[PDB]
Amino acid sequence: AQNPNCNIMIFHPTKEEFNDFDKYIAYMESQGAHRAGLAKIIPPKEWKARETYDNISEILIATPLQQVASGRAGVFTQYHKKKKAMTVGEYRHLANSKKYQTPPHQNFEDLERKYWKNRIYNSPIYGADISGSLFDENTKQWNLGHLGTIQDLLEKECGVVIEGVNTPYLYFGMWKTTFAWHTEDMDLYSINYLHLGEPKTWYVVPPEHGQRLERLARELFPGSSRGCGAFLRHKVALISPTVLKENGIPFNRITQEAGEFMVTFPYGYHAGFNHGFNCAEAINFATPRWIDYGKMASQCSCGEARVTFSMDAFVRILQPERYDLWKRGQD
Ligand SMILES: O=C(O)CNC(=O)C(=O)O
Ligand SMILES: [Mg+2]
Ligand code: NI
Ligand SMILES: [Zn+2]
């Protein structure tokens, strides 16, 4: 078995290998990359996502989210308080202000220490989940707005045509902005490109050990666990590396820098934080190997998780017994 310790793998495709996205995903899996739950892909040196980022300041962040924490430093939840709209140029200035800017630090490890020590005492503002793309239309390789759609994959594999669309999302971050422990909707893959700015640190649990994380989360967030049998679908809970190590949960960590892709694999739990002002783009995708994960994915039916239009068909076709209850949660 390839990669039996489930380490995060890093790949350096040539320009020739960068032509066929599906084939390269299947290659990475042949080498065991999926066992980690996360892989890094460094694009060939000849490749670029677009010519410059000089003209992005007028993009609107309609609903910036202030991420307010409750709990203890290593075990906390976050809620999102909606703020007034602001442009990317306004948000960048805010991120660079004395109140919100990255503190002095020695290296990524010192910054990670300061994040875990101090996150809960501040409420950073995240411009998350903005529909759109920063890839130039002329970029033909690994352009996240030009991927094969998950609806077309389901149709190719299963023969059933379904409604729905699949488009990318932009994330504008600042120091301490945080993504909570989650898997993707319907345990899909994700791909994330860091367009510009400061790094993003990731933590990941191997898919084969995901249920270990779930059992710890039920112990650590006991009211949330009684409220919902899949409460990590709410995307609000954080658990530090120190706490994971104390409870014997297998995980790995890696820092993504500007110009790099990350791929998360089906049922790979992940969480992380931004080091400073940055912009990422991400989208879900599927392969044939995903279908069985989609059929087994947990679902939130308590009403909190509330998701896209396109998840309806995936539930209806892959999980018909769950459909009725899940849809009640969505309505
Ligand atoms: O970058 C973020 O805030 C969160 N991204 C992801 O969870 C992803 O790409 O799967
Ligand atoms: Mg602009
Ligand atoms: Ni994700
Ligand atoms: Zn729920």
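Reading the values: the criteria
Residues numbered from 1 in each chain as written, not as in the entry; some residues may be left out. Chains lettered and ligands numbered in written order. Heavy atoms only, no water. Residues with missing side-chain atoms left out of burial classes, pairs and counts. Near = heavy atom within 4 Å. Polar contact = N/O pair within 3.5 Å; in protein donor to acceptor, adjacent residues only side chain to side chain. Areas by Shrake-Rupley, 256 points an atom, 1.4 Å probe, with all protein chains shown as cover. Helix = DSSP H or I, 4+ residues; strand = E, 2+ residues; numbered from the N terminus. Nonpolar A, V, L, I, M, F, W, Y, C, P; charged D, E, K, R; others polar. Donors = N, O, S within 2.8 Å, 3.2 Å for Na, K, Ca; no water. Buried < 20%, exposed > 50% of the residue type's maximum accessible area, 1.4 Å probe, protein only.

As documented in the archive entry, the model was determined using X-ray crystallography at 1.4900 Å resolution.

Could you clarify how one ought to interpret the site of ligand 1 in this entry?
Around ligand 1 sit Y126, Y171, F179, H182, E184, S190, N192, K200, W202, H270 and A282, and those are all the residues in its vicinity. Here an oxygen atom of ligand 1 and a side-chain polar atom of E184 are 3.0 Å apart. Between an oxygen atom of ligand 1 and a side-chain N or O atom of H270, the distance comes to 3.2 Å. For ligand 1, the protein covers 95% of the area, taking 300 Å² as the surface of the free molecule. Secondary-structure elements contributing two or more residues to the shell around ligand 1 are β9 (178-182), β10 (189-197) and β11 (200-205). A class-by-class count of the residues in the shell around ligand 1 yields five nonpolar, four polar and two charged.

Is there a simple way to explain the coordination of the nickel ion (ligand 3) in this structure?
Octahedral metal centres with six donors ideally show angles of 90 or 180 degrees, and tetrahedral centres with four donors ideally show 109.5 degrees. Donor atoms from the polypeptide that bind the nickel ion (ligand 3) are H182 (NE2), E184 (OE) and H270 (NE2), placed at 2.0 to 2.2 Å. In the primary structure, the donors to the nickel ion (ligand 3) are separated according to the pattern H-x1-E-x85-H. When its relative accessible area of 10% is taken as the criterion, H182 is described as buried. Given the relative accessible area of 12%, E184 is considered buried.

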